[PDB]
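Quick notes on the structure that follows.
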Amino acid sequence: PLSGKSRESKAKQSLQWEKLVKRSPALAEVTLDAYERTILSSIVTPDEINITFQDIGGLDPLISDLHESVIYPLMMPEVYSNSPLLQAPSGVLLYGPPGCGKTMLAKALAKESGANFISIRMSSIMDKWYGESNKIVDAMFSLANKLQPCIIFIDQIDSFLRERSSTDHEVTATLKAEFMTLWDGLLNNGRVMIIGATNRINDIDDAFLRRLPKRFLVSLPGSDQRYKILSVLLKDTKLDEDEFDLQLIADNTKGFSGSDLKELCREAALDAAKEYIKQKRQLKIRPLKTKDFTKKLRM
Amino acid sequence: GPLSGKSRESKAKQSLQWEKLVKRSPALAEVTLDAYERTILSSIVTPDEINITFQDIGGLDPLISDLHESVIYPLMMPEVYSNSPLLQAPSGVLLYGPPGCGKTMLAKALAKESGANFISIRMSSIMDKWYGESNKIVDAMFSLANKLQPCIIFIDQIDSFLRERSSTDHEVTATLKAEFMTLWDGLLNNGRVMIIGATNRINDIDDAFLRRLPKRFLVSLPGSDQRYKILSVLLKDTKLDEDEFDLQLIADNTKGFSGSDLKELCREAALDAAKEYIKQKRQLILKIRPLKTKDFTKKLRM
Amino acid sequence: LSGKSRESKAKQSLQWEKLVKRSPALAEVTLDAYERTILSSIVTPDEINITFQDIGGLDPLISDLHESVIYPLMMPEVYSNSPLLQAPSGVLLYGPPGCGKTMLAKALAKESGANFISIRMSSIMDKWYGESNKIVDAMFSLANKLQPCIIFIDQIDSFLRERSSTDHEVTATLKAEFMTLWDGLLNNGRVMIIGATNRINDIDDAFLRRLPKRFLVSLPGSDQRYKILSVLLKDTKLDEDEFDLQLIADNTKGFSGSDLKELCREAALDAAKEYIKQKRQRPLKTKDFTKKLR
Amino acid sequence: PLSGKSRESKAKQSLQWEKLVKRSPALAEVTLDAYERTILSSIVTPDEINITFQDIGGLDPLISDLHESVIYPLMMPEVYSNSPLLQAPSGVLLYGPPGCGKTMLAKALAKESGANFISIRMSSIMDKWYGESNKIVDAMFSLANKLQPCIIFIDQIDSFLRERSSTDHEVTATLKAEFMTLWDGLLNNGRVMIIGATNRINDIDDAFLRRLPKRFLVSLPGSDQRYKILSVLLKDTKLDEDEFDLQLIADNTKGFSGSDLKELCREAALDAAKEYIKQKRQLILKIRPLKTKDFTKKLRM
Amino acid sequence: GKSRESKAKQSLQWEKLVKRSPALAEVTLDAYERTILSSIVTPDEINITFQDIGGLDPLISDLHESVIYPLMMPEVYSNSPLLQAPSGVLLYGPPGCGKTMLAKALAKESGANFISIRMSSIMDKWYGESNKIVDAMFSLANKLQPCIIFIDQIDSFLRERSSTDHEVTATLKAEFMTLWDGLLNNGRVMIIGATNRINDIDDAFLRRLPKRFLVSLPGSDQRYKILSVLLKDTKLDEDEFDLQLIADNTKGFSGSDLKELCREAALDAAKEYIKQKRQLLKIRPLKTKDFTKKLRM
Amino acid sequence: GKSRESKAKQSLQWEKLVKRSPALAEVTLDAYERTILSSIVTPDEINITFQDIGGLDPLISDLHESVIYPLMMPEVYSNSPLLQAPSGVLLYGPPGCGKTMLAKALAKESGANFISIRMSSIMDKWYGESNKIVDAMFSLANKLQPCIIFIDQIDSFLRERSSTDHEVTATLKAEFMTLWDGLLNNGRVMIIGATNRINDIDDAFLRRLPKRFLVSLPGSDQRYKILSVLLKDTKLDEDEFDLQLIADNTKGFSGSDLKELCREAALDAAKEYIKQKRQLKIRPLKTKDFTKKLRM
Ligand SMILES: Nc1ncnc2c1ncn2[C@@H]1O[C@H](COP(=O)(O)OP(=O)(O)OP(=O)(O)O)[C@@H](O)[C@H]1O
Ligand SMILES: Nc1ncnc2c1ncn2[C@@H]1O[C@H](COP(=O)(O)OP(=O)(O)OP(=O)(O)O)[C@@H](O)[C@H]1O
Ligand SMILES: Nc1ncnc2c1ncn2[C@@H]1O[C@H](COP(=O)(O)OP(=O)(O)OP(=O)(O)O)[C@@H](O)[C@H]1O
Ligand SMILES: Nc1ncnc2c1ncn2[C@@H]1O[C@H](COP(=O)(O)OP(=O)(O)OP(=O)(O)O)[C@@H](O)[C@H]1O
Ligand SMILES: Nc1ncnc2c1ncn2[C@@H]1O[C@H](COP(=O)(O)OP(=O)(O)OP(=O)(O)O)[C@@H](O)[C@H]1O
Ligand SMILES: Nc1ncnc2c1ncn2[C@@H]1O[C@H](COP(=O)(O)OP(=O)(O)OP(=O)(O)O)[C@@H](O)[C@H]1O
Ligand SMILES: [Mg+2]
Ligand SMILES: [Mg+2]
Ligand SMILES: [Mg+2]
Ligand SMILES: [Mg+2]
Ligand SMILES: [Mg+2]
Ligand SMILES: [Mg+2]
């Protein structure tokens, strides 16, 4: 193990295992090894994510495609048992320009999708002790198999699954080989699926990119997609009907990512409520206007 | 006395795999093992654990027949070949090629249909942080493969295990790979042990390890007829349209598609064609409509 | 790990005690070993001599930075009415060198009231395998533990370089880990990562999106040069009639804040050499400034 | 605890000891330590080897040089006792490209040469327990001295004797230092010679390379050498009297190692006889004589 | 192991056993059996009811239906030979959960004669004394026919056999394996074990413990039941006290952790009354707030 | 054990126990119990008051009202069964703080019989002797009913159990777990332990230590209080001496660091008086002596 020895890590693992058993009572009889228990600290429950698929704007076709091709085949195998071709992908890639909502879809998958979610970082695998990283990867796949509808999420997967080179470190090379062997090898994986989000799809190795067959292009939002982005972002605000012209705001945000639109919303909200902020600091928020956004917009 | 592989579930897996091996070959009941060989026993792959036969791999029929006549028959039927010393099975086999073209499929078919005892070894079973334990693990792997006399030591992604040795290589990894070369082809040669590897990067393998893999199978990208064969195999046990489905057009337009790409395309086509049935069943919780060429070519890029 | 050194352990204990004195609620907080090593990089108050009143020219940028960064972060009760009023996840200071970005970070460290972590590439890279990623993860977990926290990366162009094949494996996986913790599945608390850079094109786009609030600390305007000269020449004897700051500001064309500092230092030093000579054996005037001007 | 705790290990050690005493009756009076008993499992007898010096083709000058400079100075010291310089080397390095015949020569030294053979491996040397590896190395040298004409063969010796650095393990550092001391130190090994085989000679430490002073370069075969290797491999195999032309195959196999030629011969015999095995498998008469085309169809030409 | 206090304890336990079961009277005991008699646990020495263990009701029911009733009432199960009592029982799990509570309730409410043996009574410095002690333990257990031999933290006694073990430890383990299941099999004797490290137990020793109970960490409803049991005969506020909130917010808590939390909460709630009593009505009824001060949410 | 000096010490401790608690008379102790009796410490041997621990006043009060009063005054806490004393107490934190100081103050004036055991007493070479020693330790602690068994540096004794541990250490730990919380539970016996490495302690052993006190490094106010306590019964200047400056510049210091600083400052301030005495009063302490050694 050599990572779940600390008392805080053991407490985290017990919390996550208790949550998993509460969600799936059949997991009570499932026993884990020390390395699998080390992986348990990477289990991410729907309670940790405060983000629903409803908070995703401009990706409704992508969400429906993701559902009907990924979520339901993984989560409803009885429905899809008419043909053996109706299966969940062995991997899923969410690739696109930065700020368009790949990790948003990952958070919604952690929350809304029934699948147990393991979000694994490189730091939780790379161990300086010899041969520990490969055992950690093997136990991650073993634990994902034991929690049978599991999703292994690797954020920024381009670095994890980088094109193998002769200059790669030995432990990294054995890590990548072990991941390729367990991901698709002699021994099949039962309803275990790997999800990756990345900005550079070309940095991913060809043999790793092959193991991510279902790829979702979370591209820069269109005009309508920006309209839905703004509608989702300015939820739970004033949004006066006469003072606000959302369509003009959406068309003025040419080449704007979702994170940039969040920044624009935050700036406009801070500027519009600044008088109320000063009054509250000394001791209502004015309706949001197109003037505030247009002042913050370049146009 | 290895410090790893002594877990209770690991011991249960070793007992189960040994039971399966003894049931397959009753002569192995008298065979005794050391503890390190018992930890190697967890990597034994028994034919019931594999769902893939040689009939499930399409477009590699010349390769499959060549693999049979040059690898499987000289190893599994030595009495037929016991007339010339040059008719012996190769000491190693390399299935190399672009990703997704069917190397693990051939490994699965070798584990199932060949009848050789199969050890699929991963590096996490070999690397041990304790000093001189990886070498003992490798020695036990070769000793166990010699005890189960017709054996295949399969190492998937063997280009990482048998990578080009260098001065920057780790000490334990260097002695591990040197021990692997010594046991693979050295003094006291193995009886009927064959080491099969699968790589995407053949040029990453060391020259000495490569020499020890004299039989090389290039599982290259499929051609038009080969892609038709893969599409026909993948679309078996599935309702297909009559006088409307054009598999030849799909195979022709899938230029550069590996077998995994065709598998994903077939999966997506089945998901698209059955979507109305999926909705109807979800409402409950006709049948799947026959797959047309328009269904395949909708998402197929030309 | 750097926590083996006796001096490093003493520094970590001193920084932890300063943090606990600042925030008494941190007494019950336990830290990992890697977070303890990150504790050596923490810049508590009463170490920085730079105040927000010590920066001239960029006072509108100071007020904008306050109202958009410090108050949203340090006063969540005022901004808690709406979920769009939270502090930015990242803040960028970019422009030409010598314009006061480092003082802006220093005044933020002294005056904002949030715990300040100043990290560097040299203090983040480790010799062993996987220790850099664990160190980055501990940095983010520590910044979450000290709930109002500002992580500073001076010369953030090098730390957040655009990813390419020429980058080392350790650096690439470090940057990916930084991305994952900065904006990933697990939302951070009131953690803000701030960097000062000279080149804005060297920053990765996926790291630029993580710095939504960008402040252009550019070359000063003429009124800004006047404010800079007034701040720099404070508590200094100046002539009531001979000294005139207007033409000093007007003649300084294409001069940054560091260049204005250099001009002020030379003008003060040529006059103070006479005082040193008198000691061995006069207010500052404009003519000394104009002599060095070209 | 000590290594080799298996009952099969005890059976192997006792069998090898009985073989050694049968070969040389003088060894019966020699008592062994526990670690020397564990080293006894690495004893290689000529009955375990089926490769003689006649099975190695294209290396006749190297084989004769190896004999007259290594085997005869060691196995027949009476002849060489006239001069103190006429002595066996402290070590022998068989280095070269992979597949060229170094392990063939080691097998032939184990079989034909009368020296007791210790084919040691790193799995029988390295031990996790403290100080056991050094005692194993010491007892290896003690046993080699007891079985007085002895060859300690370490295959892939570039990993055992790799260039020492500050990054090596403490156990390996003391292991290498103990091997260095016993190999060439104060106390003199009588007729113990350490033969090594490697592909990377440059990976060996200079202080260990100087302990392997008789170096044999088993290089890639020439056309004459390839002809001899093919003639050796194709012996006791039916070949065509007229259509078969070995010289053309030898000329066309440029850069082919001995292993490459062995694989070529194996696949040529498989494809040439393929009608015979098909009939036999149908049943379950005569193998067709091998022709030039059988090697040509498997060659690049 | 002979001393005046120990001899008095042995005599007291023997009269307790004789008064409990008249058949056990007029039975000759060896000196080593007499020494083993000091480890006999009687029902009055245990203050734990089966009702004092909450959150394990399926485990209590399974224990009664598979362990206690087959051992205690063979007459009901006499029709089929397959309904016999287990040779051994293992109560394994993480520390904190009620393995010792289960063992205490077995010592009090199963009705079997109980031998709670410890390593001090078994291990003996002199030659061959420990094996004779184990032999006498099994002989005494056979003499009191419905006997339970409870070895708490049984992973230390039944640890995996190795060469590094002492000669006397290996002989002890082999003697225990021989008497546990060998020739001349025992009567209604069951060796109940409790441990945290099940993997440390030897394979043959685990084989001799067929019926294994996993007393895992409590779930939310099990925590609610444990908190309800621990707060029995304790005044609780009618409206302020919310036990479900405390059960849901004590994630990862074992039963011992809940006991300590309840003790600390009671102390904090009754601090004012305790100070008033020390310097001179009743303890203040416990609220949710008292537990949430100590809670880390 | 089984020595003339050892038996004399055991007899002396037994007379001290019977003198303090008259009900302990006519109580028979086994040979191993008599051996454990040499580890009994008494208020005479400990010359440290709870008032001699500065800065830890909230910890002192918490320790009192949650440990000492529930253990030594059971009549007050009688009505509610949940008001019992903890089965164990752990004092953990960085070295230098008052963990042993707290243990000494508990040994003096908590009123409990104290067994300050060390690993030389418990661990024995002979077979089964250490388990019998632990059993007799618990039997003696139960006999002296309000007892406290203090094990300084308890991380080593209660370390995480492993199969690579010696069989006697594993058996010793299992016996300690069984007697600490098992069948036939102890009376008013509490196991207090001090450590710097709480993470080294086993999960079952840490479970058996429910009450845990973090004696962390002193703050500025705590440093002032510790300096005031350490500089008691010594002469300090009325005008030159200011404790707040020294407490401010002693950043990151523990109590031990302050004790050594105070000792160095006292030596340097009394150096000339000591030289005069060696040739043949104490100069009042000023801030110059403390800030001279201080590196700020
Ligand atoms: N489809 C969307 N719906 C709603 N908000 C969105 C959407 N896309 C982006 N955003 C906003 O922009 C932010 C982008 O964060 P996120 O982590 O999802 O980006 P990303 O696409 O994964 O980028 P990167 O991989 O570079 O981190 C979100 O937190 C949200 O505030
Ligand atoms: N010739 C084929 N016939 C049928 N299916 C195939 C064929 N080739 C590949 N596939 C499909 O591709 C999937 C992946 O297994 P495959 O054997 O292709 O991996 P691989 O070729 O070893 O590539 P990698 O080295 O990247 O693992 C299989 O599930 C299989 O369904
Ligand atoms: N507004 C200002 N008021 C006073 N001095 C200033 C101001 N701006 C810059 N300076 C001077 O510029 C010098 C250069 O440091 P400064 O903080 O400006 O660097 P910077 O803008 O962060 O540049 P870089 O990225 O090259 O480090 C300072 O030492 C300071 O004297
Ligand atoms: N000179 C030769 N004559 C006949 N056969 C040869 C010759 N060299 C090699 N071979 C064939 O190649 C096979 C392997 O050769 P060998 O094991 O000696 O390789 P090597 O030179 O030791 O390389 P490595 O050090 O990588 O093992 C032998 O079984 C033999 O049949
Ligand atoms: N299921 C439960 N119901 C009620 N109280 C419990 C339960 N489990 C534990 N407790 C409380 O916790 C205390 C300790 O529990 P117990 O003695 O069963 O643990 P243990 O099995 O000895 O731990 P270990 O596994 O470390 O030996 C008991 O005094 C009891 O009050
Ligand atoms: N709170 C305090 N008030 C006064 N003096 C103190 C205090 N804490 C420590 N000291 C000084 O430290 C000395 C004892 O230190 P102590 O042994 O308690 O440290 P510790 O934390 O127990 O060390 P360790 O954990 O390494 O055993 C005493 O002589 C005392 O002068
Ligand atoms: Mg992202
Ligand atoms: Mg594959
Ligand atoms: Mg700067
Ligand atoms: Mg060789
Ligand atoms: Mg217990
Ligand atoms: Mg102490």
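By Swiss-Prot numbering, chain A shows 38-320, 335-350, in order.
In case you wondered, yes, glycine gets a Cβ from its N, Cα and C as well.
Taken straight from Swiss-Prot:
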- A:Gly133, A:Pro134, A:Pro135, A:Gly136, A:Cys137, A:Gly138, A:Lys139, A:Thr140: ATP binding site (BINDING)
*asked:* Which secondary structure state does DSSP assign to A:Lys139 (ATP binding site), in the simple three-class scheme?
replied: helix
*Which of A:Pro134, A:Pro135, A:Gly136, A:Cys137, A:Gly138, A:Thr140 (binding-site residues) reach within a Cβ distance of under 8 Å of chain B?*
none
*Quick one: of the binding-site residues A:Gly136, A:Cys137, A:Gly138, A:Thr140, which have a CB under 8 A from chain C's CB atoms?*
A:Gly136, A:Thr140
_Which same-chain residues, if any, lie at least 6 apart from A:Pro134 (ATP binding site) yet have Cβ under 8 Å of it_ = A:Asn236, A:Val255, A:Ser256, A:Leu257, A:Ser294
*Which of A:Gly136, A:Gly138, the listed binding-site residues, has fewest other Cβ atoms within 10 Å*: A:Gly138
*Sequence gap of 6 or more, C-beta under 8 Å: which same-chain residues meet both conditions with respect to A:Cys137 (ATP binding site)?*
A:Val255, A:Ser256, A:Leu257, A:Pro258, A:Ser294, A:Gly295
*Ten-angstrom check, please: count other Cβ atoms within 10 Å of the Cβ of A:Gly133 (ATP binding site), all chains counted.*
21
*Cβ-Cβ distance under 8 Å to A:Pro135 (ATP binding site), same chain, at least six residues away*: A:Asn236, A:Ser294, A:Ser296
_Please check the binding-site residues A:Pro134, A:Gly138, A:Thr140 against ligand 7 and give me the ones with CB under 6 A, sequence order._
A:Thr140
_Using a 6 Å cut-off on Cβ distance, which of the binding-site residues A:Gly136, A:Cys137, A:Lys139, A:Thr140 come close to any atom of ligand 10?_
none
_Neighbourhood of A:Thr140 (ATP binding site), C-beta criterion under 8 angstroms, separation at least six_ = A:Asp192, A:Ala234
